[PDB]
Amino acid sequence: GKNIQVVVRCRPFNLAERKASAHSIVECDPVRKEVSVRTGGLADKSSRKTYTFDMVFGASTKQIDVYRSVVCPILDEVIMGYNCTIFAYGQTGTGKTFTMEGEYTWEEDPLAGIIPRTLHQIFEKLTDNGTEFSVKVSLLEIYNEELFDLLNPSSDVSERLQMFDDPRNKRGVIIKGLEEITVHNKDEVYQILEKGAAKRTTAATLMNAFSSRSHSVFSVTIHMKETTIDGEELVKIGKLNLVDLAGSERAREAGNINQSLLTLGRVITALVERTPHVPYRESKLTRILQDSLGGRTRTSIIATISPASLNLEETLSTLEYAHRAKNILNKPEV
Ligand SMILES: Nc1ncnc2c1ncn2[C@@H]1O[C@H](COP(=O)(O)OP(=O)(O)O)[C@@H](O)[C@H]1O
Ligand SMILES: [Mg+2]
């Protein structure tokens with residue numbers, strides 16, 4: 001494809017779908033990279049709609065496999081000194097958070113998601129090659145188009161963060177007062193995710209800013225300096241934005257979400273097709289990530305879906321959205 005990769009990840013059935021007597025309507029073919037949905041209504045057992053993506057992950061797909069296939073290529077980009085972004089898009093309950101952060105010593109938990117493994121690899125790789133480096137991370141939430149710092153020890157209330165341009169080459173934004181925690185070792189990441197989780201819970205309870213209706217943006221910035229005898233030194237800065245989007249399924253409270261997700265989709269489609277003018281300025285989410293989506297870089301979207309007939313509507317909606325972002329045509333022979 002391109003620098004923009006769109007993959008789909010289907011989760012296994014959950015308890016509620018079993019108790020509701022739901023049926024599997026999704027078929028994943030990792031070889032042909034297709035996802036086909038049994039769409040028939042009453043008496044219609046023949047009509048199915050197929051879609052093609054850069055990759056397709058079945059329900060048995062393991063955390064490490066999503067990481068190996070989707071993130072490794074991207075992290076190598078970041079290490080070379082680039083800004084990249086990874087998205088988790090889909091219906092609430094389909095695995096966006098299970099995928100972005102997931103759920104010992106140096107060996108990674110098999111349920112660990114993209115975030116634990118990523119920090120993990122930063123330290124292993126930069127330590128192994130003797131690079132001089134420092135790693136800082138920030139975690140903010142976007143709810144009803146307002147920013148909240150999830151790692152600020154103090155200034156913890158329902159106070160939003162001020163966003164604004166900045167005298168410098170455009171595309172960037174400065175988020176006034178964004179807490180940026182320095183990480184000293186790979187394991188220190190779980191403690192960071194704990195603080196975030198605890199503060200998100202507070203915002204949920206004290207604002208109704210439920211995680212399922214918000215965008216979580218966890219950014220890791222790596223400052224690197226590498227040297228070799230008869231090879232000159234290098235100063236690089238890499239940044240990876242790991243985004244856990246709001247569920248794709250109050251009046252405008254659902255408008256801001258529905259709108260930003262549609263704006264995001266338009267920004268992605270504009271980048272794939274190279275149409276002048278990409279609508280970054282139309283949403284807080286795309287404005288904040290412009291600097292990473294703007295310049296040349298690797299960008300990936302992980303579309304999560306349910307396999308049950310109970311969620312057919314949202315699954316088709318998600319597949320259509322993923323298809324619209326990067327139109328890949330189905331190949332011959334079914
Ligand atoms: N692919 C998966 N494999 C195993 N469990 C998953 C998978 N995807 C989601 N889950 C499970 O579903 C729930 C997590 O869903 P979650 O990540 O919160 O979805 P979302 O973030 O989109 O709301 C947990 O029970 C989690 O273990
Ligand atoms: Mg979630």
Side-chain angles (χ1 to χ4, degrees), residues 7-20 22 24-28 30 35 53 55-71 86-103 108-118 139-144 148 150 190 193-194 196-205 207-218 241-249 253-254 257-258 260-261 264 285 300-308 310-319 321-322:
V7 303
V8 166
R9 184 185 191 184
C10 182
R11 64 161 172 67
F13 281 69
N14 58 23
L15 193 61
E17 304 174 319
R18 303 283 187 196
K19 293 187 294 191
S24 183
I25 43 151
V26 176
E27 211 183 312
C28 291
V35 197
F53 299 106
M55 279 192 285
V56 171
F57 296 103
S60 74
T61 293
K62 294 173 278 288
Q63 291 290 58
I64 183 102
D65 295 316
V66 180
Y67 186 89
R68 295 283 189 52
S69 307
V70 179
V71 184
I86 297 179
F87 291 99
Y89 175 108
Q91 175 182 29
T92 295
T94 63
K96 291 186 302 299
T97 298
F98 178 73
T99 296
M100 219 51 37
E101 40 184 295
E103 282 139 45
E108 271 308 299
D109 192 319
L111 298 182
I114 301 311
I115 289 165
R117 293 174 194 281
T118 291
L139 175 57
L140 64 72
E141 187 197 317
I142 299 175
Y143 173 62
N144 184 58
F148 297 79
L150 293 177
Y190 288 115
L193 289 169
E194 284 185 63
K199 193 159 178 180
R200 186 150 43 198
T201 290
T202 293
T205 57
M207 207 150 58
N208 258 27
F210 310 116
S211 69
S212 56
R213 297 297 172 250
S214 315
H215 297 302
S216 183
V217 180
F218 178 106
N241 307 107
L242 307 169
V243 188
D244 182 351
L245 299 170
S248 61
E249 68 273 20
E253 185 186 304
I257 293 300
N258 174 48
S260 60
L261 286 178
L264 172 54
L285 178 68
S300 176
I301 292 120
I302 300 180
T304 58
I305 62 176
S306 154
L310 193 67
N311 294 118
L312 183 275
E313 299 70 33
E314 292 306 327
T315 285
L316 285 180
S317 183
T318 292
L319 294 174
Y321 180 101

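In listed order, ligands and their atoms are each counted from 1. Along the sequence shown, residues are numbered consecutively beginning with 1. Side-chain atoms are counted along with the backbone in the values below, which use heavy atoms only and exclude waters and symmetry mates.
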Report summary line: Tested for side chain to side chain contact (heavy atoms under 4.5 Å, CB included) against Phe57, the lone hit among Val70, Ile302, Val8 is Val70
Report task. Please find out if the Mg ion (ligand 2) and some N, O or S atom of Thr97 are separated by less than 2.8 Å. Result -> yes
Report task. Find out whether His215 and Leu261 are in side-chain contact, i.e. whether some heavy atom of one side chain is under 4.5 Å from a heavy atom of the other. Result -> yes
Query raised in the report: Does a side-chain N-to-carboxylate-O contact under 4.0 Å join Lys62 and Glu108?
Result: no
Requested in this report: Mark up the atoms of ligand 1 that fall under 4.0 Å of a heavy atom belonging to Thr94, in ascending order.
Outcome: 8 (N), 19 (O), 22 (O)
Query - Shortest heavy-atom approach to atom 12 (O) of ligand 1 - which of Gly58, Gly93, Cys10 - result: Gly93
Report task. Mark the output for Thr304 as yes if a heavy-atom distance to ligand 1 is under 4.0 Å, and as no if none is. Result -> no
Query raised in the report: Charged N to carboxylate O below 4.0 Å: is that the case for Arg11 and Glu17?
Result: yes
Report summary line: Here the atoms of ligand 1 under 4.0 Å from any heavy atom belonging to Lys96 are 17 (O), 19 (O), 20 (P), 21 (O), 22 (O)
Query raised in the report: Given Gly95, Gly102, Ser216, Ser212, which one has a non-hydrogen atom that is nearest to atom 19 (O) of ligand 1?
Result: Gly95
Query raised in the report: So, are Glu141 and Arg213 salt-bridged, with charged N and O less than 4.0 Å apart?
Result: no
Report summary line: Near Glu103 (heavy-atom distance under 4.0 Å), the atoms of ligand 1 are 26 (C), 27 (O)
